[PDB]
Structures are given as structure tokens and as C-alpha cells.
DNA sequence: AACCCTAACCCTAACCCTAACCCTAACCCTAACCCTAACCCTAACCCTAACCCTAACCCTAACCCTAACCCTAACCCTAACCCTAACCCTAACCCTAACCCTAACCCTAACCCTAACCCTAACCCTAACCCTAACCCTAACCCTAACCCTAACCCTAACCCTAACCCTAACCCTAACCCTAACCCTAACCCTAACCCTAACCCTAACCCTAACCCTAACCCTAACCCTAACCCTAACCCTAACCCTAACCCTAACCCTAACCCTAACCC
DNA sequence: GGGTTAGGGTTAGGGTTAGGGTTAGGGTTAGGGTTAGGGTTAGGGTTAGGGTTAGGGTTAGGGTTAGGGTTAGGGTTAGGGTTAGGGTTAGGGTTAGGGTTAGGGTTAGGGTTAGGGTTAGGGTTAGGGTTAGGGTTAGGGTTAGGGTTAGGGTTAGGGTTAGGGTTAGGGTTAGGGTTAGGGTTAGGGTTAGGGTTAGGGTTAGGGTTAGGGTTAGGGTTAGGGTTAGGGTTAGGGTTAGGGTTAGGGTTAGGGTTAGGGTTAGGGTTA
């Protein structure tokens, strides 16, 4: 009927090796242990700020489905225009 | 089956006529508009504190059910001795 | 926190005044030691915004127009 | 908010300095008008706590003690 | 304010029989108390310096009107949220059972740490100077606050290009249907990094004599600005006859997963 | 130095996948005439342009000399090489099915301003505040050194407590009743949800007269040494009277169970 784990991924998936692999893409050699929590926090607040605009855009046309067009529109409004996936 | 859960429809659970009846039983004749929101917030904070205390007591007692005895113990530890329900 | 309040008040040793400063500054310390009074110390200038000198020519008197 | 900042600075009219005071004081106004610069006005004394006289101890010792 | 039925959960016996309060016997160490004089617990006096105690002078507010203007106060039609049985179920609680993991009591026997005890430093105070708010005498300049006067946006009689609801096919995003290796966790492990103690020393840090430099008072005079007409250069909106440009569907080319083999770094004498 | 184990360039074999036509078509790109909007010059009144004349007003430059915060040479201390099963863990399909999302139509839903006459919009006015200069004074921050002094090192003798053997309950883990919280449905009616509106209910200026608010003068009364003498605090043997524990008997105590005394509604005249 319903999942017994109602945590709904409480800012999970951003594990230690995952952050130990995105920081290496930039050029970070030594990664401190107090960076994972700040990275998770900033990722969560960025996703929240993007999803707020995405929901505000999807709720205008009386639609209950979030498409990639509204997502890339909200991203371009924020100041980050993405090419390829949107179009 | 039961494929739903609880939502935001909880702060509004304490209906406005209920808060008005509580204020009348207390000694208030005329209740303002923003009184209901503040009362709901204060009640939510108090319930959060009491439920956190009861959860801590239940985790210390190696159980998974909050009992009236634990609720009375938490209320007495906070500073509100309640009689009747328990002993 | 006492060293923080001490360098905020600048003195050679930790005094009960600095201890009270630190207790009132730290929200967690103020919530923990709520009914604790530190002897040989003062309070903090945490005041509202009404009782202020502010006549603004007081008016009410003669017409100064 | 401009009247609030004006009575905080006390003047006979609303000035761009009071407008900047109100904009920087209101968090919502600062978040809305982020890239807006008010001409004929100054900034607010919002500073940290390092560049302070003493504090960091210019003497630290009296040459020996 | 009693009835008045109406009638449900409180209502006097009563009755095992479970199990805790108890009725035949024993040991145990800890309530007062008498010698003892110690040092904190019994009062007596001096003094003098911050200290209270007691009038005069004065100025913003506490409170009572004054007009005034805006907010949660009580029916009205709902009708949606919400009580009331009546079953109908599927998961933590609840009973010990016997086995161990987990606890006493005790005999030393070395651990070590605050009373005492000196010694060293790091401040409680003075003494000069050095900064440091704060609203009155003037007085005074545009930058501050009050009215007279005039000239195009704000503006409503017919009208004309699209959101308002609505069926409607079909397609795309969860559903709980479904397994499986390649990624998630984990404990012991060592070798670089993080973080502080002393020690130069060179950068730097607060002045004092000095030798100009740049807005006041303005000092004169010159190059295109825009509001005057207007003027011929220019650029869509009804046309129409093509004409340029995606869509669905075969088609065949280089990037795609896989197996076997040769340059190319740190090992440490 | 050593031989040196190590990843890193080749090589079929499909397997897509970008792309090479192919009509289909139809939007959609692509062409005339016109007129009324869309540009294009020059001159007046006027904001700039530079070249000096005083007339101060800091001032930043140059020397300078202690001095401390850095920046070096170590000493302890944490997380990246490893490895390995195994229990998750995250990919891939199959249905499927069902809500949704574009696809088409039809009335509110929008332009526009004639138009003239306002009515808010905007220069131009001289009369009260302004707004901060100066000039104290009293309160608020820096430094040597000495008079105790409140702490920083010694230290050696007893109150713990860490070393070790031996039992006993007290928790540990299954194994079913069971029962008491979850899971639905009819329904209806009662609790909840919407306007008004006007009138009390706040909310803001305008006297005055009480009522606190500061400073000058004394005359204490509250801060400090010196005793000293008695009135309790405080450890130490020693009972005997107040207790604690292993065994029955057993009176008092804890789950069920009726039928009868009041306990809630609802139409009652007052």
C-alpha cells in the first residue's frame, strides 16, 4: 500500500565518494571531511530554488506534469541557459 | 489499498471555531484575525517538543509505542503535572 | 565563549561580567542556564525602540511655523 | 521603510541615503533590488570582527613578559 | 422547578483461590555519650571618609478631553466536513523456558594526589595626558517648505479581432511486474600531513621640518544643443501565384563493445 | 643501479546510428501599388572652454628606529593502499492502463478615443523652521612599578583501586494467543464555510499642572585594625536496642456477574 521508509531520500545519494568525484573534476586534491554536509546543503537549496520556479511555471497552464521545457526556462531565468536537453 | 499519507492539512486542523471556542472558555470575547495562526504555531511548537521528549523516552525504554505514562512523565519534566490519565 | 566576551570587553582575566556576557550572547547557553544568576556582573544593553530622546521640536507649544 | 530609516537618521525629508538604509535593512528589498545602486548615498556599517584596534594584540608582550 | 419517563453504567452480594501481608523461630552493628579543648563563635571600642539626608529650581509627560475612521464584531443559504454504528481484519504485546553472559564479596598492595609550603610573576591602583559626546551664543544659504497659474493626458459612441467552454484521439508517465551483477558498505591498517614551541630580523610605524598645490572669490567668451516649418525618402497592409522546407521511411558508414599483445613508470643495490 | 610488474595502443564483429535519397504537401516562403507615416535639413538662445589672477590650507613627501609577527627546523598524530564477500542496489526489460496533453471550436473581450471639459500635473513664486560651527568640561581609554598576594611548583604519607578467584540471579531469544489498533461503507445532519455593516473601537494632536531630576551643605554612620574568652564543633571506644533474613499458615485481596437506583434528553406551565 505504502513504502515503510517515508524518508523519501533525506538529502541522500550525495555520498562521500560522489562528492570525492565531483570535487576532483574541478581540481581539488585534498577534500576535507566537513565539506560533504555543506555540499549537500547547497545542492538541496539550489534544487529547491529551481523546483520552486519549475512548479510555478507548470502551474500556469493548469498542467500536473513537469516537462524539460519549463525546467530549462526556469534555469534560463535564473541565469544558467542549458543547451541540448531543452531545445 | 491505503496509498496516501498526511500532509500540510494539519496546521489548519485546529479549526478557527475550535480556537474561538477555546478562547471563549478561557475568557476572551472578541478574537482577532491573526490570533489563529499564532495559536496554531505555538501549539505546533509545544506538540513538537512534547513529542520529541516522548520519542526520546520511548527510545530509552527500548519500545516503539508512546504511552500515556511516558507522556505524563515528559509533561512533569517540562513543568506541567497532569492528573487523571495515568498514575 | 567567555574568551569571546572577554576580548569583546578587553580585560586581563575572565570576570563574572564576561561570563554573563557570554551566557546572554550564546542562545544555547541562555536557554540552558535560564534560571541562573551570575553574581558580580551586569546585564546587556538589549533594549527596544520607544523610550528614546526624540522630541522632533515637541510641537504642541507655540506655532513655530 | 524609508520613513523608518529616516527617523533612524533623523532628517526633514526622505533622502537617497535613507532609501539605501531602508533597502539594505529590509532583507526582502535587498533580495529584490540586488543589482540596484542608489546614487547620492552611502553604505551601511556592516563589518566583521578582525580589523579592530587591540583585539589582535599589537603588543602581546612587553619585551620579556 | 420540579417531574417523567427512560432506562444504562453504575450498582450490593458472593465466590473462589492467588498471592502477597504475614506469625510458630534466629543474629548484628550502630543510636547516644562521655574526656577534649579548637577556632570559629560570644560582644567591646575608634575613626573618618565616602556617604546619605534635605531643601530650591525646572522641564517634559500622565491623563482627559477633543474629532475621527476602519475592523471583527451578529442572521443568512448552504452543503461540505464529520459523527455513528457494524463488522473485518492482520501485526506488536505479551506468558514462561532454559541456557548462558553477567554480576557480587574479598586480600592485599602499590598509585598518587591534594593539605602544607615556599617563590615568582602579573596585576589593583596613581599620575598625567589624549580622545570624546553634546546642544546653547551667532548666522546664514539654497536647500530646504507654503501658496498663485496654466495647458495637454485622462477621457466612452459603435465596433472588431480572440480567450472563454468542449469532445476527442492517443500517447507518455507512473505502476508494484521483475531479477541481477556491478557498484555500495566495512574492518584493520600504516605513512604522510596538521598543528603547534622557540628563534632571528627585517619590515614598519608613529612622529617632525618642509615646500609647494589645488577650490574657493569667480575672471571672460565660444561651439554646437533643439525648437522652431517641411520636406521628398521610406515602409506595411488586402493581394495571389508560385515556391521553399519539414516528415515518414529505407540506407548504408564509423563509433561502437571484445580479445590478444608491446612502450613505459617505481620499485633499492 | 637492479630486472621490473604495469597499463596502454591494435583488431575483428556486429550494432546501432547518423544521414543519403524520396515524393508529399502545404505551409510558407516569396512578390506588385500605394499612401500616409518616416525620416532630413538650417537657424536662434545658451550651456561650455580655457587662460589666467589672488588666497589660503592642508600635506605628503623625507628621515627614523624599536619591535613584533612572521617563517623558518623539527615532534607527535590521522585516512588513504587493500580486499573481500554479501547484502543490498541499482540498473535493464514486460504489461498496462490510465490520466493527461494537445488538437479542434464560439461570446465574452478587447481596441479607441470623438471629444471637450475637467483635474490632476506641473513653474513660479518669499517666509518659518532649518543644519550643523565653536567651545568647553567631565567622562572615558593608555602605561611604569611595588606590596601584597593569589596563585604556580615541591612532596611524602595514607584512602583508594586496580590485580586476581568464585558463585546466582538476571537478563537473553524464540513460540504462540490475542487483541486492539488499522481498513473500509451508508448517511445525514450538524459543524463548518461565504457576504454585510455600522458602530463601537481605536488612534492621533492640544492645555496644565503635578512630579520627578540635578546639584550645593553637613553629619553622621558605615567601611576598616586589636583583642579574647567563652560557646559551641568534632573525632574516638562501647554497648544494647533497633534492625534484617529464611521458613511456613492464612486473612485479606483481585478478576467476573447480575437487576436496580439514579443519571442524561424532551415537551412539559410556570
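All positions are counted from 1 along the displayed chain.
The way this entry was determined, per its header, is electron microscopy, 8.1 Å.
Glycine is treated like the rest: Cβ placed from N, Cα and C.
Pulled from Swiss-Prot, these are the features on record:
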DNA_BIND  A:1-5  DNA-binding region
CROSSLNK  A:5  SUMO2 cross-link
CROSSLNK  A:16  SUMO2 cross-link
CROSSLNK  A:16  UFM1 cross-link
CROSSLNK  A:44  SUMO2 cross-link
CROSSLNK  A:64  SUMO2 cross-link
CROSSLNK  A:76  SUMO2 cross-link
MOD_RES   A:1  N6-crotonyllysine
MOD_RES   A:1  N6-butyryllysine
MOD_RES   A:5  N6-methyllysine
MOD_RES   A:16  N6-butyryllysine
MOD_RES   A:16  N6-lactoyllysine
MOD_RES   A:29  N6-propionyllysine
MOD_RES   A:44  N6-(2-hydroxyisobutyryl)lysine
MOD_RES   A:44  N6-glutaryllysine
MOD_RES   A:62  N6-propionyllysine
MOD_RES   A:64  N6-(2-hydroxyisobutyryl)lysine
MOD_RES   A:64  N6-glutaryllysine
MOD_RES   A:73  phosphotyrosine
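When the DNA-binding region (A:1-5) is classified with DSSP, helix, strand and coil residues number 0 helix, 0 strand, 5 coil. Sequence-distant neighbours of residue A:64 (SUMO2 cross-link) (same chain, 6+ apart, CB under 8 A from its CB) are A:58. Candidate recorded sites: A:5, A:16, A:44. Nearest to residue A:73 (phosphotyrosine) by Cα distance: A:44. Cα spacing between residue A:44 (SUMO2 cross-link) and residue A:16 (SUMO2 cross-link): 16 Å, rounded to the nearest whole number.
In the three-state DSSP reading, residue A:16 (SUMO2 cross-link) counts as helix. Note: A:1, taken in sequence order from the recorded positions A:1, A:16, A:29, A:44, A:76, have a C-beta within a distance under 8 Å of a chain B C-beta. Spacing of residue A:16 (SUMO2 cross-link) relative to residue A:76 (SUMO2 cross-link) is 30 Å (Cα to Cα, whole number). For residue A:29 (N6-propionyllysine), the nearest of the recorded positions by C-alpha distance turns out to be A:76; the candidates were A:1, A:5, A:62, A:76. Taking Cβ-Cβ distances under 8 Å and a sequence gap of 6 or more within the same chain, the neighbours of residue A:76 (SUMO2 cross-link) are A:82. Rounded to the nearest whole angstrom, the C-alpha distance between residue A:62 (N6-propionyllysine) and residue A:1 (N6-crotonyllysine) is 29. Look at the recorded positions A:1, A:44 and count other Cβ atoms within 10 Å of each Cβ; A:1 has the fewest.
DSSP assigns residue A:76 (SUMO2 cross-link) to a helix in the three-state reduction. Taking each Cβ in turn and tallying the other Cβ atoms within 10 Å, the top scorer among the recorded positions A:5, A:16, A:62 is A:16. Secondary structure from DSSP puts residue A:29 (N6-propionyllysine) in coil. In the three-state DSSP scheme, residue A:44 (SUMO2 cross-link) is classed as helix.
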